[PDB]
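Undergrad: my sequence and its experimental structure, below.
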Amino acid sequence: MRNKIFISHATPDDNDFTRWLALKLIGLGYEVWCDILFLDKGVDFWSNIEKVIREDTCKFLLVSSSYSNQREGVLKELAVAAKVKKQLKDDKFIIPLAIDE
Amino acid sequence: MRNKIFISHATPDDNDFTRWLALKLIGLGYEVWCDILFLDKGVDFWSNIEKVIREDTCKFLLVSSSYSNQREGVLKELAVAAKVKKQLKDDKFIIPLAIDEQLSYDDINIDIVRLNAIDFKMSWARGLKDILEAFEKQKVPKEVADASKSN
Amino acid sequence: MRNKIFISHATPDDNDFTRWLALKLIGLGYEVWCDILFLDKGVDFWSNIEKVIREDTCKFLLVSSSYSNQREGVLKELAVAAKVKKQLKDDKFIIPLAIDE
Amino acid sequence: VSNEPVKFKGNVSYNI
Amino acid sequence: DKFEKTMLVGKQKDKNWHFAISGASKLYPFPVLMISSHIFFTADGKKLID
Amino acid sequence: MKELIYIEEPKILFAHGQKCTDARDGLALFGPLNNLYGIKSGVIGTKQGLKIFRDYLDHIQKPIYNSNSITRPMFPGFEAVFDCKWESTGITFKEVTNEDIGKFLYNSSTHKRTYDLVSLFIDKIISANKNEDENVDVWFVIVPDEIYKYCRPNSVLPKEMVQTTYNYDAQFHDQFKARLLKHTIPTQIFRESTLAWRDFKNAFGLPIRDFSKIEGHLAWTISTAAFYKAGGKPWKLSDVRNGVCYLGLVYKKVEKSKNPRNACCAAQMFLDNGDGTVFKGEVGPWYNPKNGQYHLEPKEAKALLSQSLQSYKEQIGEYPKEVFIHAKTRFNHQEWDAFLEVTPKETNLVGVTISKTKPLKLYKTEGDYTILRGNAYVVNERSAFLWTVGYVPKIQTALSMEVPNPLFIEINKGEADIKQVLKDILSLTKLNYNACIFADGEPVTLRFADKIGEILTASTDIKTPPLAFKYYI
Amino acid sequence: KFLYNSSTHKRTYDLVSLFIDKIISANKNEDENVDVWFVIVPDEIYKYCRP
DNA sequence: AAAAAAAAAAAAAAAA
Ligand SMILES: Nc1ncnc2c1ncn2[C@@H]1O[C@H](COP(=O)(O)OP(=O)(O)OC[C@H]2O[C@H](O)[C@H](O)[C@@H]2O)[C@@H](O)[C@H]1O
């Protein structure tokens, strides 16, 4: 069953917002998956994220900023999120979050 | 000078289509690197593959099928090719080829799910002519066509 | 400078009319952009479309049909065209084309 | 009549 | 039902199959007796199927 | 020990002057010799049968995968293989109603029912060809399965199904191709089972013609036939020496006239000014009275070889330097003398007899495989054996199922080099256009001549038959 | 050879026969398939092969 | 009314 909330963002620029939102949501009782949350990295992560977005993610939250708007990894995650949105037939799946003035 | 075309695929399942495509491209005058084309194998191959993708490859064609979609060697080749793509400041570097009708565009690999793919699903020759027009558009280095090389 | 005409359309179905119109316009000296004839293979097609609409689209032509009215790609292209209209302050930027009786 | 069949000799072979 | 080590009469469902040969003398190439191989079948091992 | 010599495997030519041992692989990689823009296809048959044909055409549009590509190459797709557009859109359809096709079928007389069944198709074909604006390159005739069960000799209708010309052969295909000759309409029949067999079920539940492993070669042999009949050059030979006509005599029985009358048919193969190959028939059928003569009388023999020398002359300019008349029947001196007189002085007249009757079976010492294809046991300067059927490594198997039978090739008349003769017939075994296989078990002259003989002896009213193979195979 | 004939009917029949025989031979005795057969005729024949 | 040495017409199965 899909019960994880995915928070895509620009990793080296949006640390503060992603950190604050994730630490708030986990405390609120919401399962959160993010790259800055997991400590240590390996070659597998590029695969891992994909299967999550296709197998465990129930909602997809996109941090919108001047950095993350045109970030290649963010773009790929957005594409797979949109296509799993199509496959689930659930329009209220991707929930963008604009944080830049 | 990068003048070679790389074709990644699933060796034990997608060998025949890659054979046909390589034997046609080489006949048309396009330098093609593929694991099948070389006879014999040694431990060095995995290094050689990588260095080719980083030293002599001008275009990277990824055969997309239900077999090659999630194959670890194919994923490694896709990753190193993507790094080369960022290095070369060229967007028209990875050119996926979809040859499977059970592999819909919905379930493409995340690294190439966002890239436009030449459609081989219906007619192979339509895909080949699309490949040719794309190559001539992007000014891919080419030699005078000689079917004798393919033979 | 912007000297391109974007013919948005339903690609799976509306290929014939779009191709005919694009060829007629090109033969008339109008530089035209369309996915079926001008989109490069192996590119970030969504990013390419967004870039073309934002910077190079002098005029936007929409093919209206029973298919194209609710096609998600067409709607997204339409929204980007509307945003470009707001940017350029040109009320006549976008011209729909009705072909379906 | 010999019980052993006439044998010929082929200069070309093959393997599986 | 086997000469040397090699079987000649065998079973297949209800049919007993037998190996048979036909001979013909020919002198044109050399003094030769040509042999052709055939397989026949019986229902009870003695009477041939008509 | 007896010496057994092997001949080099002949090579065939493909596009761009490229040569390849195999035919399927050469076509798949190099493509046909000539440019055939598209095949305008005409389909005739029942409406229930048109859907299956459309499905199969779309099926062969996409590549077809067989069980083992090493044993037999896969099919890359028609338009890629042949560089020819053959779509399921644009087929000219002629409909055959079920009631009309069933009225004629349930007849007590086999000859009458076959005549009416052939007439029902051919009349519509002629009407479409002559009174319709559409252009059709080739005509596909899809017939149902019950007809094939009850449209050939010795077919006894069940007593419950009987509901209710003698100058025409009781064979559907033979009469069909015979009655369409004067109009020169390339037609090529399909059975419903040769189509999407998966529909046809047996008692067990398996397809009767289960082609699950062998779909690729089915597509290969259908596409090549369609390409040839539409006017394409699939492949050609390159080892044939200049100035050599071949000709193949085949004798067939005609049962309609009193006494078989032993109609004889011939086919020619030679070169052209340049490098073009010419492989047509020589159809002047010369009837031979007497029940079992099979030796052609002097006047007909002279007429036949005179036609053959001319048909070379107008197309090349001068007479052949050596004609190698292959023949399944042995030549007596009577016809040979007649042949000699019409033959000029420069021409080397050679008569070769080919036979499969000789019971020689080479069994290899160890291994469950047959002898290599191409081995030749030369008995003497005039006679030898050649294994046209056998193991060849490229196909990974043998062309036979049991141990194959050689061809007994003897130079009956003339002198001829035995090795050169053995080096050519093996090349003739590769130019089979009706089927895209690695090679044929018998030379195509002795096979295409037999085909045109079986077609020409189905109708009595044949007059000046076409010499092109498109209308026969 | 055929054209310089005094009788118009015989000359035109021979000229038509010369072309039709070759066309029929090509249609019946060649493996090539031809959609439409173009018949090029010179001017002198046009001048002297009609009523 | 046989013999061997040569012929073709036909139907059936199993692969290619
Ligand atoms: N890697 C690929 N990803 C997505 N689509 C692809 C790909 N490769 C080929 N296509 C083709 O892309 C097409 C996706 O069609 P769709 O979005 O579902 O329906 P629409 O009416 O809204 O298309 C309108 C826009 O979407 C188009 O992308 C163009 O950008 C259009 O401007 C299929 O034919 C695919 O075969």
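TA: Alright, I've got the coordinates. Numbers count the residues shown, from 1 in each chain, chains lettered A, B, ... in the order given.
Undergrad: contact partners for the closest residue to residue F:289 other than its chain neighbours?
TA: Of all residues beyond its chain neighbours, the one nearest residue F:289 is residue F:261 (6.0 Å), with distances taken as Cβ to Cβ, 6 or more residues apart in numbering or on different chains. For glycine as for every other residue, the C-beta is placed from the backbone atoms N, C-alpha and C. With contacts defined as Cβ atoms under 8 Å, 6 or more residues apart in numbering or on different chains, residue F:261 is in contact with F:253-254, F:287-289.
Undergrad: pull out the buried residues from these.
TA: F:254, F:287-288 (16 or more other Cβ atoms under 10 Å in any protein chain shown).
Undergrad: so which of these is the closest to residue A:43?
TA: Lowest distance from residue A:43 to the buried ones among the contacts of residue F:261 (Cβ to Cβ) belongs to residue F:254, with 78.8 Å.
Undergrad: name the element the closest one belongs to?
TA: Following DSSP states H and E, there is no helix or strand that holds residue F:254.
Undergrad: that one reaches residue F:264, doesn't it?
TA: No: between residue F:254 and residue F:264 there is no contact under Cβ atoms under 8 Å: 10.8 Å.
Undergrad: show me where the chain has its strands.
TA: Since you didn't name a chain, this refers to chain A. For chain A, applying DSSP state E gives strands covering A:4-8, A:32-33, A:57-64, A:94-98.
Undergrad: try again with chain D
TA: Counting by DSSP E, the strands of chain D are D:8-10.
Undergrad: next one: residue F:166 from chain D, what distance?
TA: 52 Å (Cβ to the nearest Cβ, to the nearest Å).
Undergrad: cool, residue F:292 as well?
TA: Applying Cβ to the nearest Cβ to residue F:292 and chain D gives a distance of 34 Å.
Undergrad: tally up the residues packed near that residue, please.
TA: Burial of residue F:292 is recorded as 11 neighbouring residues (other Cβ atoms under 10 Å in any protein chain shown).
Undergrad: re the thing from before, anything in contact with each of residue F:254 and residue F:264?
TA: residue F:287.
Undergrad: what's the neighbour count on the residue in chain D that chain C sits nearest to?
TA: Among the residues of chain D, residue D:16 lies nearest to chain C; the distance is 43.0 Å by Cβ to the nearest Cβ. Number of residues near residue D:16 (other Cβ under 10 Å) recorded here: 7.
Undergrad: what's the answer for residue A:12, then?
TA: Residue A:12 has 9 nearby residues by other Cβ under 10 Å.
Undergrad: ok, back up a step: would JSON lines of the contacts of residue F:261 with distance to residue B:52 be doable?
TA: Output for the contacts of residue F:261, formatted as JSON lines (distance: Cβ to Cβ, whole Å):
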{"residue": "F:253", "distance to residue B:52": "68"}
{"residue": "F:254", "distance to residue B:52": "69"}
{"residue": "F:287", "distance to residue B:52": "71"}
{"residue": "F:288", "distance to residue B:52": "71"}
{"residue": "F:289", "distance to residue B:52": "76"}
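Undergrad: so which of the residues you listed is the closest to chain G?
TA: residue F:287 (21.3 Å).
Undergrad: residues of chain A that sit close to chain C?
TA: A:70, A:75, A:79 (Cβ under 8 Å from any Cβ of the partner chain).
Undergrad: filter these down to the buried ones.
TA: A:75, A:79.
Undergrad: so can I have CSV of the residues of chain A next to chain C showing distance to chain E?
TA: Below are the residues of chain A next to chain C laid out as CSV (distance: Cβ to the nearest Cβ, whole Å):
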residue, distance to chain E
A:70, 74
A:75, 67
A:79, 62
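Undergrad: among the residues of chain A next to chain C, name the ones in helices.
TA: A:75, A:79 (DSSP state H).
Undergrad: which one among the residues of chain A next to chain C gets closest to residue C:62?
TA: residue A:79 (23.9 Å).
Undergrad: which residues touch the closest residue to chain A within chain E?
TA: The nearest approach of chain E to chain A comes at residue E:13, 52.9 Å away (Cβ to the nearest Cβ). With contacts defined as Cβ under 8 Å, 6+ apart, residue E:13 has no neighbours.
Undergrad: now it: how far from chain F?
TA: Applying Cβ to the nearest Cβ to residue E:13 and chain F gives a distance of 16 Å.
Undergrad: got phi/psi on that residue?
TA: Residue E:13 adopts backbone torsions of phi 60, psi -120, taken as degrees, to the nearest 10.
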